[PDB]
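This is what each chain is made of:
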Amino acid sequence: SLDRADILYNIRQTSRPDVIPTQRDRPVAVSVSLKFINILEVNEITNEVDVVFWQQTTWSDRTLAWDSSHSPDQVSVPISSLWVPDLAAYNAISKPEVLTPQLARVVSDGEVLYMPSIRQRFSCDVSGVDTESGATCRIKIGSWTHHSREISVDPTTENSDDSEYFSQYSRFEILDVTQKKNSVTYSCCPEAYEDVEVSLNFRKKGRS
Amino acid sequence: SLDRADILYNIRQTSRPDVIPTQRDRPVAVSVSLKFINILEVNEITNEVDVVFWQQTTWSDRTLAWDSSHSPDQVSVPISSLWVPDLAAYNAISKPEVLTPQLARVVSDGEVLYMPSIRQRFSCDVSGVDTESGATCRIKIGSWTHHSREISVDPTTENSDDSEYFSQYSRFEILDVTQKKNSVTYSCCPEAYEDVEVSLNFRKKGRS
Amino acid sequence: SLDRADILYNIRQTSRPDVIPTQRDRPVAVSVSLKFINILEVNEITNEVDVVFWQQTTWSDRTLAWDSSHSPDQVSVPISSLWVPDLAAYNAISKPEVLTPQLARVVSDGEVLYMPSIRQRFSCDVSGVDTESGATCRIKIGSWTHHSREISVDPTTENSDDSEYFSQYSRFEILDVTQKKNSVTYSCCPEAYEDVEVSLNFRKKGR
Amino acid sequence: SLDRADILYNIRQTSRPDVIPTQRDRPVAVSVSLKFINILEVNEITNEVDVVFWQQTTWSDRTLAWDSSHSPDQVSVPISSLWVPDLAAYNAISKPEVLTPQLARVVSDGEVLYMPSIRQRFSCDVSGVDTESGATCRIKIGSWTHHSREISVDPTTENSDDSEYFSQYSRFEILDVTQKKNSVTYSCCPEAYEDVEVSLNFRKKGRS
Amino acid sequence: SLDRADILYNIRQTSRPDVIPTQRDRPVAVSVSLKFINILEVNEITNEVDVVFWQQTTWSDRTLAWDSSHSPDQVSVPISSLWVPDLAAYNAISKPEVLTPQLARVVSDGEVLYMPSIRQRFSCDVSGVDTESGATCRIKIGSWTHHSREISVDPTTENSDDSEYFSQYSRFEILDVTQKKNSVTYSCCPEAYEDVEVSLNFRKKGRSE
Ligand SMILES: CN/C(=N\[N+](=O)[O-])NC[C@@H]1CCOC1
Ligand SMILES: CN/C(=N\[N+](=O)[O-])NC[C@@H]1CCOC1
Ligand SMILES: CN/C(=N\[N+](=O)[O-])NC[C@@H]1CCOC1
Ligand SMILES: CN/C(=N\[N+](=O)[O-])NC[C@@H]1CCOC1
Ligand SMILES: CN/C(=N\[N+](=O)[O-])NC[C@@H]1CCOC1
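- Per the deposition metadata, X-ray crystallography was the technique used to determine this entry, at a resolution of 2.6 Å.

In structure tokens:
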């Protein structure tokens, strides 16, 4: 039997945080799912939104796996000990302000879950925010330097209510969230980069 | 007679900052109590408030214990040398600004006390703040990555006064403070994550 | 049958982050290209703009090279493990805010592509911004400490399109972007500092 | 012989940054003295000020001492290489913005002098700011984790001018400064933390 | 038989970044010159100014010196790998925001040039900014912890053009910059601290008559 200290030690022995854990020459399947918590500061003039969301990020790194027979099957681990996907919001206009402890969960099979609460500002369509049908702000997230042969990005469609963790005290409300998968090619390169496009359909709440 | 240096060096060689100090496979029992020192930058339209609180945080790591018959029975220790609970306010919308030195006290029996002064912005019900009944702003605080089997969160056992350390110079006054245990399951997982929900009943001082 | 872990391990052994990778006494040929993504704030009175651009930067560090005949020919690498050109915008009035992960792409032949997305404020000519012919804001980017014999700077004057990646949600639009080679030289010293002058010809949308 | 390089070397290898340098079992005598440099922003509605002060801070760490018969008797040392008292402003509402290089001065006897320029925001009484009487903003500075038996806090006895280095360009002027020894105690515990109360008596300057 | 990597490796082992390289009993002669590039927010009610400037900082460190017979006689070196004067603006009300790569130039005789673009806010006399004769904002720069006998600050005696690099797109224009020298003794300590006073005389462009 190993304790949590032994597991963490074994992870720091086999984890190479600067090396993508591809198996075969297959891409690492990264899942990304936003859970919007708040919409803080909207500007229809400048098409800018300030949003708080939980970024559900899962992937597998088999280098972290251990025997969990008579031992715990999960640990919390600082992300600086692990390879993490180099996700970027393509239409972000501020750095991500990470509000939560920078720890990820690692399961004994090597499945990793990182879920930071992030506050960030985006350039996106705010038109119609004060109308009844709302604005639809599209947020694009994928790897910054890993193309499709290295990272696949995919949404996990089991939306635990679009507006489930969303603050009831926002001035805004969510009408709909659709998370569609997408790709882009840049003439720099022959390569394509996978992204999740997250469409946030929201509006200012009416008054009685 | 061990001196403070000896006490510290023992802690350094034993403490594991990235390893939760569970006993057997029981949860680490963490205690959290917010002393409110100030309410600032209130906004009833956006439902947002800055708060300054001392976040009293107690837990035990019995491996750190020493005999304090002919030696000091407490030392100040930088938190970077200790495991510290990965606490987070679930309805924070800014990262905590830690106003005080990041030092904890380790007692010779293995009890640890970290009490940082934190300024932080929250999304919560600010309605009625200028009325007599006041507003009730609920702050949730618990482990981000450790479920109920790994970390338990409990309010401090005693009900000390609400405005005891509260700036007399604030534009607001506290009417009542209420700390209640709580526990949520999330879409990610079947396990539950414990929190203390602090209910801050406060209002603007009457013009007197 | 080398792998990504080998490639990185070898980079760690050969790479000198603080040492300019000049061959002989020939300058490190650095290529710079700004791709404008957004223009966020413009001030017609103060002559200041807040912009978002991808700064596509390429150079060669031959010490990084490896045989990729039976292994990957490219890896993503943190810039802390590489030497990076000490580029600065001469007319910037804020620190560069790097929005993206700080990883460069390294090719097996030693070629490096670093492409940060950067938000930054600049002091430049905003006159004309509210007219059809628009304003012309020039950004000067070159090495801060390495002269012409040490670093050379050149645009990637390809068939590069202006608004290809530019946000349609900006209140401004790009009319044209020309990136021309230049050299500043500062009164004191017989040392010329090469730069790219990026002329951003833009206007506010609407009548 | 024994040049500055040797002195820095010995400091670096003798210093214990995380261990208080208590001579025998008596508190570390810390001296604190704010010299006000500016009052930037003030708000009489919110009872908040933004001030700039040099924090003259002296104490002794005897282990650092060296023989300066044939060598220098004073060196500048980065505080990161030194034990430094864990001072906090109890009524601070912002992190101390240190404006100067983080170097202290070490004397061959072991006396350390650290004097950072700090810009910081405080919650204090601002009422009267635009009268002849003026306002009196009290600032409390003591150790955050070390009680009376570990750290003692005294104002420096120097009878210096109160406006001496204060900016003539500030919108405000200082009528008087009083720096007074005090302690604070909490209902949790019997231990007392010593502090200086600094009483800033200032007002808005007239055009006349 | 020596390249740039060799020069850096040798600097690393000779260089003591936390040791001022005083020679014998002399102070280290630091010379300081501000090349004003921009003047941003100005507030006359509050007497505060936001300024961008290149802080031309030069000094000698013979520990760094090497033989440049068959090697480069100058390298760019990160400032963390060498000793740097602990300069401070006395009347600054914000941390210096360094806009450029933090690299210094080292010549093989051990002469060091370090010249960050700095953006920083100051408390100084802004009254007059919207007048013909303009405002004069004084910026005092000197060592924070080294006294006259350890560091000396003297203004670059070069007869510089004041607005040589000053943005033509600024709202302000520079009338004059003058750099004097001072030696102040405070209340903590018996020794004197050298400073350069930089008087920046400037005003708004495009005023009437
Ligand atoms: C976002 N655009 C992009 N390329 N491009 O536009 O030519 N990404 C791939 C780059 C490879 C290194 O980091 C980014
Ligand atoms: C200042 N307040 C205090 N107790 N209290 O407020 O009840 N003790 C010192 C704390 C010990 C750990 O960090 C600070
Ligand atoms: C708060 N949300 C949560 N799950 N969820 O929202 O689906 N779990 C906690 C996460 C476990 C790993 O990092 C944090
Ligand atoms: C600049 N001011 C000064 N004294 N004073 O103002 O009373 N001495 C230098 C101090 C020595 C260590 O930190 C700074
Ligand atoms: C770019 N500017 C320059 N001269 N100048 O501005 O007067 N030389 C390079 C300097 C070498 C050290 O830091 C910058």
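**Overview of the UniProt feature "domain: Ig-like" in chain C**
Part 1 of the argument: Under the UniProt annotation, "domain: Ig-like" lies at residues 96–199 of chain C.
Part 2 of the argument: The distance separating the terminal C-alpha atoms of residues 96–199 of chain C is 19 Å; by composition the span is 0% helix and 52% strand.

**Comments concerning the site of ligand 1**
Part 1 of the argument: Taken together, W144, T145, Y186, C188 and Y193 of chain A together with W54, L113, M115 and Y165 of chain C are the residues near ligand 1.
Part 2 of the argument: Against a free-state accessible area of 370 Å², the protein chains account for coverage of 98% of ligand 1.

**Overview of the UniProt feature "disulfide bond" in chain C**
All names here are of chain C.
Part 1 of the argument: Annotation check: the disulfide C124-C137 recorded in UniProt is satisfied, the sulfur-sulfur distance being 2.0 Å, below 2.5 Å. Here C124 is found in the loop between strand 8 (117–123) and strand 9 (135–143), whereas its partner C137 is found in strand 9, with 13 residues between them in sequence. We note that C124, like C137, is buried.

**Describing the state of the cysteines**
Part 1 of the argument: Here the structure, examined in full by the defined rule, presents ten disulfides over all chains.
Part 2 of the argument: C124 of chain A shares a disulfide with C137 of chain A; S-S distance 2.1 Å. In this structure the cystine formed by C124 of chain A and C137 of chain A twists about its S-S bond by roughly -100°; its chirality is therefore left-handed. With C124 of chain A in the loop between strand 8 (117–123) and strand 9 (135–143) and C137 of chain A in strand 9, this pair connects stretches of sequence that are 13 residues apart.
Part 3 of the argument: Residue class for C124 of chain A comes out buried when judged on its relative accessible area of 0%.
Part 4 of the argument: Exposure remark for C137 of chain A: the relative accessible area of 1% places this residue in the buried category.
Part 5 of the argument: Here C124 of chain E connects covalently by a disulfide to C137 of chain E, the sulfurs 2.0 Å from one another. One disulfide, between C124 of chain E and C137 of chain E, carries an S-S torsion of -100° and so falls in the left-handed class. Of this pair, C124 of chain E sits in the loop between strand 8 (117–123) and strand 9 (135–143) while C137 of chain E sits in strand 9, and the two are 13 residues apart along the sequence. One exposure class covers both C124 of chain E and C137 of chain E, and it is buried.

**Observations concerning the interface of chain E and chain D**
It is common to report an interface's size as the accessible area lost on association of the parts.
Part 1 of the argument: With 33 residues of chain E at the interface, the matching set in chain D holds 32 residues.
Part 2 of the argument: At the junction of chain E with chain D, the criterion picks out two salt bridges.
Part 3 of the argument: Among the residues forming the side of chain E that touches chain D, the class breakdown is 14 nonpolar, ten polar and nine charged.

**So, the side chain of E197 of chain D**
All names here are of chain D.
Part 1 of the argument: As for its placement among the helices and strands, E197 is situated in strand 12 (residues 192–204).
Part 2 of the argument: Among the residues examined, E197 registers a relative accessible area of 14% and is labelled buried.
Part 3 of the argument: Not counting chain neighbours up to four residues away, the residues in contact with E197 comprise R138, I139, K140, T178, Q179, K180 and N182.

**Some details on the environment of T156 of chain D**
Residues and elements named next belong to chain D.
Part 1 of the argument: Tracing the sequence through the fold places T156 in the loop between strand 10 (151–155) and strand 11 (172–185).
Part 2 of the argument: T156 gets classed as partly exposed once you look at its relative accessible area, which sits at 27%.
Part 3 of the argument: When the C-alpha atoms of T156 and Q179 are compared, they prove to be 8.6 Å apart, with 23 residues separating the residues in sequence.
Part 4 of the argument: When sequence neighbours within four positions are dropped, the list of residues in contact with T156 reads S31, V32, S33 and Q56.

Cut-off values and rules
- Residues numbered from 1 in each chain as written, not as in the entry; some residues may be left out.
- Chains lettered and ligands numbered in written order.
- Heavy atoms only, no water.
- Residues with missing side-chain atoms left out of burial classes, pairs and counts.
- UniProt positions renumbered as here; feature names shortened; annotations may be inferred.
- Helix = DSSP H or I, 4+ residues; strand = E, 2+ residues; numbered from the N terminus.
- Near = heavy atom within 4 Å.
- Areas by Shrake-Rupley, 256 points an atom, 1.4 Å probe, with all protein chains shown as cover.
- Disulfide = S-S within 2.5 Å.
- Buried < 20%, exposed > 50% of the residue type's maximum accessible area, 1.4 Å probe, protein only.
- Contact = heavy atoms within 4.5 Å.
- Salt bridge = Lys/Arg side-chain N within 4 Å of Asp/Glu carboxyl O.
- Nonpolar A, V, L, I, M, F, W, Y, C, P; charged D, E, K, R; others polar.

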